[PDB]
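Everything below belongs to data07.pdb, which stores PDB, C-alpha atoms (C1' of nucleotides).
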```
ATOM      1  CA  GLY A 157      41.201 -31.616 -73.532  1.00  0.00           C
ATOM      2  CA  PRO A 158      44.760 -31.975 -72.244  1.00  0.00           C
ATOM      3  CA  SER A 159      46.288 -28.860 -70.692  1.00  0.00           C
ATOM      4  CA  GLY A 160      49.652 -29.556 -72.359  1.00  0.00           C
ATOM      5  CA  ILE A 161      51.190 -31.046 -69.189  1.00  0.00           C
ATOM      6  CA  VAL A 162      51.633 -34.823 -68.981  1.00  0.00           C
ATOM      7  CA  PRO A 163      51.779 -36.782 -65.690  1.00  0.00           C
ATOM      8  CA  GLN A 164      55.425 -37.715 -65.114  1.00  0.00           C
ATOM      9  CA  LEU A 165      56.004 -40.962 -63.232  1.00  0.00           C
ATOM     10  CA  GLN A 166      58.126 -40.575 -60.101  1.00  0.00           C
ATOM     11  CA  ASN A 167      58.396 -44.141 -58.773  1.00  0.00           C
ATOM     12  CA  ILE A 168      57.992 -47.798 -59.704  1.00  0.00           C
ATOM     13  CA  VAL A 169      57.527 -50.802 -57.404  1.00  0.00           C
ATOM     14  CA  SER A 170      58.223 -54.365 -58.528  1.00  0.00           C
ATOM     15  CA  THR A 171      58.988 -57.789 -57.073  1.00  0.00           C
ATOM     16  CA  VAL A 172      60.364 -61.083 -58.384  1.00  0.00           C
ATOM     17  CA  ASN A 173      60.858 -64.551 -56.914  1.00  0.00           C
ATOM     18  CA  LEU A 174      64.504 -65.613 -56.740  1.00  0.00           C
ATOM     19  CA  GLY A 175      63.522 -69.278 -56.497  1.00  0.00           C
ATOM     20  CA  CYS A 176      66.087 -70.426 -53.932  1.00  0.00           C
ATOM     21  CA  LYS A 177      67.155 -70.229 -50.313  1.00  0.00           C
ATOM     22  CA  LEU A 178      69.724 -67.557 -49.463  1.00  0.00           C
ATOM     23  CA  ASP A 179      71.806 -66.750 -46.393  1.00  0.00           C
ATOM     24  CA  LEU A 180      71.655 -63.062 -45.503  1.00  0.00           C
ATOM     25  CA  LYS A 181      74.809 -63.384 -43.395  1.00  0.00           C
ATOM     26  CA  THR A 182      76.659 -64.845 -46.388  1.00  0.00           C
ATOM     27  CA  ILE A 183      75.496 -61.962 -48.593  1.00  0.00           C
ATOM     28  CA  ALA A 184      76.645 -59.421 -46.004  1.00  0.00           C
ATOM     29  CA  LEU A 185      79.962 -61.291 -45.783  1.00  0.00           C
ATOM     30  CA  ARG A 186      80.632 -61.431 -49.542  1.00  0.00           C
ATOM     31  CA  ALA A 187      78.734 -58.773 -51.507  1.00  0.00           C
ATOM     32  CA  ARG A 188      80.242 -55.287 -51.749  1.00  0.00           C
ATOM     33  CA  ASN A 189      76.672 -54.044 -51.159  1.00  0.00           C
ATOM     34  CA  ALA A 190      74.641 -55.361 -48.233  1.00  0.00           C
ATOM     35  CA  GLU A 191      73.097 -54.805 -44.838  1.00  0.00           C
ATOM     36  CA  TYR A 192      72.482 -57.276 -42.074  1.00  0.00           C
ATOM     37  CA  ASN A 193      71.213 -55.592 -38.912  1.00  0.00           C
ATOM     38  CA  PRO A 194      69.199 -58.420 -37.315  1.00  0.00           C
ATOM     39  CA  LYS A 195      69.026 -56.441 -34.068  1.00  0.00           C
ATOM     40  CA  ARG A 196      66.709 -54.097 -36.003  1.00  0.00           C
ATOM     41  CA  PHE A 197      65.617 -56.235 -38.965  1.00  0.00           C
ATOM     42  CA  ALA A 198      66.950 -59.410 -40.602  1.00  0.00           C
ATOM     43  CA  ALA A 199      67.179 -58.363 -44.239  1.00  0.00           C
ATOM     44  CA  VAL A 200      69.486 -57.020 -46.952  1.00  0.00           C
ATOM     45  CA  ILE A 201      68.699 -53.887 -48.988  1.00  0.00           C
ATOM     46  CA  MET A 202      70.340 -53.156 -52.363  1.00  0.00           C
ATOM     47  CA  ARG A 203      70.475 -50.090 -54.565  1.00  0.00           C
ATOM     48  CA  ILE A 204      71.937 -49.204 -57.959  1.00  0.00           C
ATOM     49  CA  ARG A 205      71.970 -46.021 -60.041  1.00  0.00           C
ATOM     50  CA  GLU A 206      71.516 -47.464 -63.556  1.00  0.00           C
ATOM     51  CA  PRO A 207      68.555 -47.845 -63.077  1.00  0.00           C
ATOM     52  CA  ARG A 208      68.173 -45.579 -60.010  1.00  0.00           C
ATOM     53  CA  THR A 209      66.512 -48.060 -57.667  1.00  0.00           C
ATOM     54  CA  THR A 210      66.577 -49.760 -54.272  1.00  0.00           C
ATOM     55  CA  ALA A 211      65.956 -53.467 -53.760  1.00  0.00           C
ATOM     56  CA  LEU A 212      65.529 -55.630 -50.687  1.00  0.00           C
ATOM     57  CA  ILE A 213      66.280 -59.334 -50.284  1.00  0.00           C
ATOM     58  CA  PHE A 214      65.333 -62.023 -47.762  1.00  0.00           C
ATOM     59  CA  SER A 215      66.512 -65.507 -46.904  1.00  0.00           C
ATOM     60  CA  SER A 216      63.108 -66.721 -48.150  1.00  0.00           C
ATOM     61  CA  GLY A 217      64.078 -66.109 -51.793  1.00  0.00           C
ATOM     62  CA  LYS A 218      61.900 -63.083 -52.611  1.00  0.00           C
ATOM     63  CA  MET A 219      62.995 -59.737 -54.042  1.00  0.00           C
ATOM     64  CA  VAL A 220      61.275 -56.364 -53.729  1.00  0.00           C
ATOM     65  CA  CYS A 221      62.634 -53.502 -55.828  1.00  0.00           C
ATOM     66  CA  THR A 222      61.595 -49.875 -56.179  1.00  0.00           C
ATOM     67  CA  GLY A 223      62.815 -46.486 -57.327  1.00  0.00           C
ATOM     68  CA  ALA A 224      62.784 -46.484 -61.118  1.00  0.00           C
ATOM     69  CA  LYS A 225      60.981 -43.943 -63.292  1.00  0.00           C
ATOM     70  CA  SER A 226      59.659 -46.610 -65.702  1.00  0.00           C
ATOM     71  CA  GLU A 227      58.439 -50.180 -65.308  1.00  0.00           C
ATOM     72  CA  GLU A 228      60.927 -51.522 -67.844  1.00  0.00           C
ATOM     73  CA  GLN A 229      63.727 -49.728 -65.994  1.00  0.00           C
ATOM     74  CA  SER A 230      62.540 -51.396 -62.789  1.00  0.00           C
ATOM     75  CA  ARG A 231      62.682 -54.788 -64.510  1.00  0.00           C
ATOM     76  CA  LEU A 232      66.198 -54.012 -65.754  1.00  0.00           C
ATOM     77  CA  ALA A 233      67.355 -53.212 -62.223  1.00  0.00           C
ATOM     78  CA  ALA A 234      65.645 -56.390 -61.007  1.00  0.00           C
ATOM     79  CA  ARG A 235      67.576 -58.469 -63.537  1.00  0.00           C
ATOM     80  CA  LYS A 236      70.769 -56.680 -62.490  1.00  0.00           C
ATOM     81  CA  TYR A 237      70.294 -57.772 -58.876  1.00  0.00           C
ATOM     82  CA  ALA A 238      69.432 -61.252 -60.153  1.00  0.00           C
ATOM     83  CA  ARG A 239      72.777 -61.316 -61.975  1.00  0.00           C
ATOM     84  CA  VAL A 240      74.536 -60.051 -58.838  1.00  0.00           C
ATOM     85  CA  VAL A 241      73.014 -62.816 -56.718  1.00  0.00           C
ATOM     86  CA  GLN A 242      73.812 -65.424 -59.372  1.00  0.00           C
ATOM     87  CA  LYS A 243      77.464 -64.362 -59.301  1.00  0.00           C
ATOM     88  CA  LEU A 244      77.281 -64.169 -55.489  1.00  0.00           C
ATOM     89  CA  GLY A 245      77.305 -67.979 -55.566  1.00  0.00           C
ATOM     90  CA  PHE A 246      73.535 -68.452 -55.224  1.00  0.00           C
ATOM     91  CA  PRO A 247      71.459 -70.286 -57.886  1.00  0.00           C
ATOM     92  CA  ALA A 248      69.125 -67.330 -58.380  1.00  0.00           C
ATOM     93  CA  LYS A 249      66.445 -67.166 -61.068  1.00  0.00           C
ATOM     94  CA  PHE A 250      64.335 -64.290 -62.394  1.00  0.00           C
ATOM     95  CA  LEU A 251      60.931 -65.916 -61.915  1.00  0.00           C
ATOM     96  CA  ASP A 252      57.454 -64.406 -61.504  1.00  0.00           C
ATOM     97  CA  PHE A 253      58.242 -60.743 -62.022  1.00  0.00           C
ATOM     98  CA  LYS A 254      55.323 -58.628 -60.799  1.00  0.00           C
ATOM     99  CA  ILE A 255      54.801 -54.859 -60.774  1.00  0.00           C
ATOM    100  CA  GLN A 256      53.208 -53.615 -57.553  1.00  0.00           C
ATOM    101  CA  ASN A 257      52.852 -49.817 -57.577  1.00  0.00           C
ATOM    102  CA  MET A 258      54.040 -46.564 -59.126  1.00  0.00           C
ATOM    103  CA  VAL A 259      53.831 -42.863 -58.276  1.00  0.00           C
ATOM    104  CA  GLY A 260      53.278 -39.927 -60.614  1.00  0.00           C
ATOM    105  CA  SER A 261      52.686 -36.195 -60.416  1.00  0.00           C
ATOM    106  CA  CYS A 262      51.403 -33.335 -62.564  1.00  0.00           C
ATOM    107  CA  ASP A 263      50.198 -29.732 -62.385  1.00  0.00           C
ATOM    108  CA  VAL A 264      47.408 -27.521 -63.717  1.00  0.00           C
ATOM    109  CA  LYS A 265      49.010 -24.056 -63.273  1.00  0.00           C
ATOM    110  CA  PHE A 266      46.021 -22.471 -61.537  1.00  0.00           C
ATOM    111  CA  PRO A 267      45.165 -22.123 -57.838  1.00  0.00           C
ATOM    112  CA  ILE A 268      42.883 -24.681 -56.208  1.00  0.00           C
ATOM    113  CA  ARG A 269      40.284 -23.702 -53.598  1.00  0.00           C
ATOM    114  CA  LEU A 270      39.969 -26.921 -51.601  1.00  0.00           C
ATOM    115  CA  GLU A 271      36.818 -25.737 -49.813  1.00  0.00           C
ATOM    116  CA  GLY A 272      34.636 -25.994 -52.914  1.00  0.00           C
ATOM    117  CA  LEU A 273      36.056 -29.415 -53.747  1.00  0.00           C
ATOM    118  CA  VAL A 274      35.262 -30.777 -50.294  1.00  0.00           C
ATOM    119  CA  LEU A 275      31.827 -29.115 -50.340  1.00  0.00           C
ATOM    120  CA  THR A 276      30.953 -30.804 -53.655  1.00  0.00           C
ATOM    121  CA  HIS A 277      32.951 -34.045 -53.300  1.00  0.00           C
ATOM    122  CA  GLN A 278      33.022 -34.906 -49.576  1.00  0.00           C
ATOM    123  CA  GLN A 279      31.642 -38.387 -50.292  1.00  0.00           C
ATOM    124  CA  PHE A 280      35.023 -39.360 -51.800  1.00  0.00           C
ATOM    125  CA  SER A 281      37.243 -36.365 -50.916  1.00  0.00           C
ATOM    126  CA  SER A 282      38.581 -36.052 -47.364  1.00  0.00           C
ATOM    127  CA  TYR A 283      39.666 -32.528 -46.404  1.00  0.00           C
ATOM    128  CA  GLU A 284      41.468 -31.885 -43.127  1.00  0.00           C
ATOM    129  CA  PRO A 285      43.760 -28.821 -43.090  1.00  0.00           C
ATOM    130  CA  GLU A 286      44.993 -29.383 -39.521  1.00  0.00           C
ATOM    131  CA  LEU A 287      47.443 -32.293 -39.901  1.00  0.00           C
ATOM    132  CA  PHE A 288      47.931 -32.952 -43.628  1.00  0.00           C
ATOM    133  CA  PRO A 289      48.127 -29.660 -45.564  1.00  0.00           C
ATOM    134  CA  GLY A 290      46.621 -31.072 -48.766  1.00  0.00           C
ATOM    135  CA  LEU A 291      43.354 -32.731 -49.739  1.00  0.00           C
ATOM    136  CA  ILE A 292      42.878 -36.501 -50.049  1.00  0.00           C
ATOM    137  CA  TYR A 293      40.755 -38.040 -52.813  1.00  0.00           C
ATOM    138  CA  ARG A 294      40.295 -41.770 -53.457  1.00  0.00           C
ATOM    139  CA  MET A 295      39.243 -42.694 -57.002  1.00  0.00           C
ATOM    140  CA  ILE A 296      37.462 -45.907 -57.982  1.00  0.00           C
ATOM    141  CA  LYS A 297      38.108 -46.130 -61.751  1.00  0.00           C
ATOM    142  CA  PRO A 298      40.893 -47.256 -61.551  1.00  0.00           C
ATOM    143  CA  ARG A 299      41.841 -47.921 -57.900  1.00  0.00           C
ATOM    144  CA  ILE A 300      43.781 -44.667 -57.511  1.00  0.00           C
ATOM    145  CA  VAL A 301      44.427 -42.431 -54.500  1.00  0.00           C
ATOM    146  CA  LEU A 302      44.996 -38.757 -55.288  1.00  0.00           C
ATOM    147  CA  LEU A 303      46.514 -35.834 -53.378  1.00  0.00           C
ATOM    148  CA  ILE A 304      45.555 -32.282 -54.365  1.00  0.00           C
ATOM    149  CA  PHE A 305      47.058 -28.977 -53.239  1.00  0.00           C
ATOM    150  CA  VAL A 306      46.338 -25.279 -53.636  1.00  0.00           C
ATOM    151  CA  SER A 307      49.335 -24.786 -55.934  1.00  0.00           C
ATOM    152  CA  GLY A 308      47.611 -27.002 -58.517  1.00  0.00           C
ATOM    153  CA  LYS A 309      50.103 -29.872 -58.402  1.00  0.00           C
ATOM    154  CA  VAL A 310      48.638 -33.356 -57.949  1.00  0.00           C
ATOM    155  CA  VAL A 311      50.220 -36.639 -56.831  1.00  0.00           C
ATOM    156  CA  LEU A 312      48.826 -39.914 -58.186  1.00  0.00           C
ATOM    157  CA  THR A 313      49.405 -43.399 -56.798  1.00  0.00           C
ATOM    158  CA  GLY A 314      47.873 -46.864 -56.657  1.00  0.00           C
ATOM    159  CA  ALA A 315      47.985 -47.763 -60.357  1.00  0.00           C
ATOM    160  CA  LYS A 316      49.789 -50.542 -62.214  1.00  0.00           C
ATOM    161  CA  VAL A 317      50.528 -48.805 -65.554  1.00  0.00           C
ATOM    162  CA  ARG A 318      51.100 -45.269 -66.808  1.00  0.00           C
ATOM    163  CA  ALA A 319      47.890 -45.511 -68.843  1.00  0.00           C
ATOM    164  CA  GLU A 320      45.900 -45.625 -65.602  1.00  0.00           C
ATOM    165  CA  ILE A 321      47.708 -42.504 -64.382  1.00  0.00           C
ATOM    166  CA  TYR A 322      46.953 -40.609 -67.595  1.00  0.00           C
ATOM    167  CA  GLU A 323      43.324 -41.729 -67.641  1.00  0.00           C
ATOM    168  CA  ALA A 324      42.754 -40.749 -64.001  1.00  0.00           C
ATOM    169  CA  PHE A 325      44.445 -37.418 -64.733  1.00  0.00           C
ATOM    170  CA  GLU A 326      42.057 -36.629 -67.583  1.00  0.00           C
ATOM    171  CA  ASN A 327      39.111 -37.897 -65.518  1.00  0.00           C
ATOM    172  CA  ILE A 328      39.889 -35.425 -62.734  1.00  0.00           C
ATOM    173  CA  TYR A 329      40.995 -32.516 -64.962  1.00  0.00           C
ATOM    174  CA  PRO A 330      37.456 -31.197 -65.669  1.00  0.00           C
ATOM    175  CA  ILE A 331      36.755 -31.353 -61.933  1.00  0.00           C
ATOM    176  CA  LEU A 332      39.925 -29.374 -61.226  1.00  0.00           C
ATOM    177  CA  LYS A 333      38.998 -26.782 -63.850  1.00  0.00           C
ATOM    178  CA  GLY A 334      35.496 -26.414 -62.396  1.00  0.00           C
TER
ATOM    179  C1'  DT B   1      79.544  54.856  -4.157  1.00  0.00           C
ATOM    180  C1'  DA B   2      76.407  49.302  -3.098  1.00  0.00           C
ATOM    181  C1'  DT B   3      74.022  47.302  -5.934  1.00  0.00           C
ATOM    182  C1'  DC B   4      71.997  45.612 -10.185  1.00  0.00           C
ATOM    183  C1'  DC B   5      70.110  44.576 -15.567  1.00  0.00           C
ATOM    184  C1'  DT B   6      71.108  41.242 -18.988  1.00  0.00           C
ATOM    185  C1'  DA B   7      72.637  43.965 -24.576  1.00  0.00           C
ATOM    186  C1'  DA B   8      76.935  40.365 -25.788  1.00  0.00           C
ATOM    187  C1'  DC B   9      79.658  37.002 -23.808  1.00  0.00           C
ATOM    188  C1'  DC B  10      81.863  33.188 -20.004  1.00  0.00           C
ATOM    189  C1'  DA B  11      80.781  29.032 -16.359  1.00  0.00           C
ATOM    190  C1'  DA B  12      77.460  25.757 -15.189  1.00  0.00           C
ATOM    191  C1'  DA B  13      72.523  23.345 -14.800  1.00  0.00           C
ATOM    192  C1'  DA B  14      69.174  21.660 -17.761  1.00  0.00           C
ATOM    193  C1'  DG B  15      67.244  21.164 -22.179  1.00  0.00           C
ATOM    194  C1'  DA B  16      67.795  19.854 -26.659  1.00  0.00           C
ATOM    195  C1'  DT B  17      69.662  17.666 -31.585  1.00  0.00           C
ATOM    196  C1'  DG B  18      72.008  14.302 -34.615  1.00  0.00           C
ATOM    197  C1'  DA B  19      75.617  10.266 -35.179  1.00  0.00           C
ATOM    198  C1'  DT B  20      77.059   6.181 -33.284  1.00  0.00           C
ATOM    199  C1'  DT B  21      76.914   1.635 -30.330  1.00  0.00           C
ATOM    200  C1'  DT B  22      74.496  -2.006 -28.178  1.00  0.00           C
ATOM    201  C1'  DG B  23      70.041  -4.489 -26.889  1.00  0.00           C
ATOM    202  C1'  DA B  24      66.750  -6.589 -29.475  1.00  0.00           C
ATOM    203  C1'  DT B  25      64.262  -8.593 -33.791  1.00  0.00           C
ATOM    204  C1'  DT B  26      64.067 -11.793 -37.594  1.00  0.00           C
ATOM    205  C1'  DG B  27      64.983 -13.924 -42.761  1.00  0.00           C
ATOM    206  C1'  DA B  28      66.670 -17.790 -44.332  1.00  0.00           C
ATOM    207  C1'  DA B  29      68.466 -22.157 -43.724  1.00  0.00           C
ATOM    208  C1'  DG B  30      70.432 -26.841 -40.886  1.00  0.00           C
ATOM    209  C1'  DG B  31      66.525 -29.636 -39.869  1.00  0.00           C
ATOM    210  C1'  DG B  32      63.148 -33.074 -39.945  1.00  0.00           C
ATOM    211  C1'  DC B  33      58.323 -34.073 -40.095  1.00  0.00           C
ATOM    212  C1'  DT B  34      53.058 -35.136 -42.731  1.00  0.00           C
ATOM    213  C1'  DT B  35      49.134 -38.729 -44.988  1.00  0.00           C
ATOM    214  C1'  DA B  36      48.632 -41.285 -49.791  1.00  0.00           C
ATOM    215  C1'  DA B  37      49.565 -45.627 -52.048  1.00  0.00           C
ATOM    216  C1'  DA B  38      52.325 -50.554 -52.359  1.00  0.00           C
ATOM    217  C1'  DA B  39      55.288 -54.202 -50.581  1.00  0.00           C
ATOM    218  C1'  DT B  40      57.678 -58.526 -48.610  1.00  0.00           C
ATOM    219  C1'  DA B  41      59.769 -59.779 -44.367  1.00  0.00           C
ATOM    220  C1'  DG B  42      59.210 -60.552 -39.974  1.00  0.00           C
ATOM    221  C1'  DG B  43      60.038 -60.252 -33.574  1.00  0.00           C
ATOM    222  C1'  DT B  44      56.749 -60.668 -28.919  1.00  0.00           C
ATOM    223  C1'  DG B  45      53.415 -58.453 -25.253  1.00  0.00           C
ATOM    224  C1'  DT B  46      49.570 -57.888 -24.289  1.00  0.00           C
ATOM    225  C1'  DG B  47      45.280 -57.611 -24.074  1.00  0.00           C
ATOM    226  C1'  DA B  48      41.288 -59.769 -24.787  1.00  0.00           C
ATOM    227  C1'  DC B  49      39.218 -64.131 -23.467  1.00  0.00           C
ATOM    228  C1'  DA B  50      37.631 -66.945 -19.714  1.00  0.00           C
ATOM    229  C1'  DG B  51      37.321 -68.668 -15.026  1.00  0.00           C
ATOM    230  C1'  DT B  52      36.946 -68.768 -10.184  1.00  0.00           C
ATOM    231  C1'  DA B  53      38.221 -64.902  -6.286  1.00  0.00           C
ATOM    232  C1'  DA B  54      37.557 -62.095  -2.603  1.00  0.00           C
ATOM    233  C1'  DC B  55      35.899 -58.666  -0.072  1.00  0.00           C
ATOM    234  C1'  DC B  56      32.550 -56.100   1.259  1.00  0.00           C
ATOM    235  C1'  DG B  57      -2.089 -45.567  17.978  1.00  0.00           C
ATOM    236  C1'  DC B  58      -4.468 -49.836  19.889  1.00  0.00           C
ATOM    237  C1'  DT B  59      -5.533 -55.104  21.294  1.00  0.00           C
ATOM    238  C1'  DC B  60      -4.351 -60.385  21.707  1.00  0.00           C
ATOM    239  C1'  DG B  61      -0.402 -64.700  22.365  1.00  0.00           C
ATOM    240  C1'  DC B  62       3.474 -66.745  24.527  1.00  0.00           C
ATOM    241  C1'  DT B  63       6.728 -67.501  28.388  1.00  0.00           C
ATOM    242  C1'  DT B  64       8.569 -68.229  33.394  1.00  0.00           C
ATOM    243  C1'  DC B  65       9.355 -69.106  38.745  1.00  0.00           C
ATOM    244  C1'  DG B  66       7.469 -69.204  42.842  1.00  0.00           C
ATOM    245  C1'  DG B  67       2.817 -70.062  46.732  1.00  0.00           C
ATOM    246  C1'  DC B  68       0.399 -72.985  48.131  1.00  0.00           C
ATOM    247  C1'  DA B  69      -1.406 -78.127  47.124  1.00  0.00           C
ATOM    248  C1'  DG B  70      -0.451 -83.418  47.497  1.00  0.00           C
TER
END
```

As a first step, turn the structure in this file into structure tokens.
Amino acid sequence: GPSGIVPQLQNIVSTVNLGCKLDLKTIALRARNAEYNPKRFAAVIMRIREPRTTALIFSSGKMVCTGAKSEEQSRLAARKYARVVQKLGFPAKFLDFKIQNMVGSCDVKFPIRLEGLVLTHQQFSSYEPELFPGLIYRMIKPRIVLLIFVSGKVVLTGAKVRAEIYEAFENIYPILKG
DNA sequence: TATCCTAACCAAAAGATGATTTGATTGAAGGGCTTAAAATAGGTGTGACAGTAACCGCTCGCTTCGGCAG
């Protein structure tokens, strides 16, 4: 059963279609929050604290936002940037909101001997202590990629909802225990 | 006496004994990484493609140019 520690989400990734053409130079000229460094990259990157997130905008009318701790928080930040662009003088719309990725982490509070895991799980676990200190495991159900360390803490990514993170956590937990 | 020993002590070499100063070490932090994922947005150089390109031991047959012929 559960060890009493829940996987806390660390990140959320989401995108929405603004539905109109925008001028990045105009945004950099008007908005009190903007980049335009075309010498490096022709784009504008936002960020707000409530929710704590970073978003990025193009002239093509797409938005990519990331940084929240919950999917609904990410959507709130997305709608905040949509409001900002609407009051920037652009006819922005909050259309086709899609959630792309999230990151979570947890712990088991006992040491992990990676050698046994690689010896019994090499077919899906990649161990290489020379470059990346931890161990890499790719999980199929659901499409999750997992990082495991000796300290017992685990990083989970590749899901679309917190339920997937929890379910993968409890799938791996017996393996971590033994 | 002329000179010395070497107990107990004075002047100097050396031989040693602990406290202090300087050469040397490092503990922790500035720092600046890692793959792992997911994503739109992009610029061009370049590196395949493909083509011509260039450079790099014994015994017979066949032939000629004079010495008499015509």

Q: May I have the residues of chain A within 10 Å of chain B, counting all atoms listed in the file, written as a ChimeraX atom specification?
A: /A:168-171,195-199,212-216,218-222,255-259,287-294,299-303,311-315

Chain and number of each residue from the PyMOL selection byres ((chain A and resi 183) around 10), as a compact mmCIF listing (two decimals) with C-alpha atoms, in the coordinates of the input:
```
# COMPACT_ATOMS: atom_id res chain seq x y z
CA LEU A 178 69.72 -67.56 -49.46
CA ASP A 179 71.81 -66.75 -46.39
CA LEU A 180 71.66 -63.06 -45.50
CA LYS A 181 74.81 -63.38 -43.40
CA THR A 182 76.66 -64.84 -46.39
CA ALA A 184 76.64 -59.42 -46.00
CA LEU A 185 79.96 -61.29 -45.78
CA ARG A 186 80.63 -61.43 -49.54
CA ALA A 187 78.73 -58.77 -51.51
CA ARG A 188 80.24 -55.29 -51.75
CA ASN A 189 76.67 -54.04 -51.16
CA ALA A 190 74.64 -55.36 -48.23
CA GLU A 191 73.10 -54.80 -44.84
CA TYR A 192 72.48 -57.28 -42.07
CA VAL A 200 69.49 -57.02 -46.95
CA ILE A 213 66.28 -59.33 -50.28
CA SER A 215 66.51 -65.51 -46.90
CA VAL A 241 73.01 -62.82 -56.72
CA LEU A 244 77.28 -64.17 -55.49
CA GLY A 245 77.31 -67.98 -55.57
CA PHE A 246 73.54 -68.45 -55.22
```

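Our summary of the geometry notes that CA of residue 318 (chain A) is positioned 23.8 Å from CA of residue 173 (chain A).
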
Q.
Between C1' of residue 29 (chain B) and CA of residue 261 (chain A), what distance in Å does the model show, to one decimal?
A. 26.9 Å

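Across the structure, CA of residue 231 (chain A) and CA of residue 253 (chain A) are spaced 7.8 Å apart.
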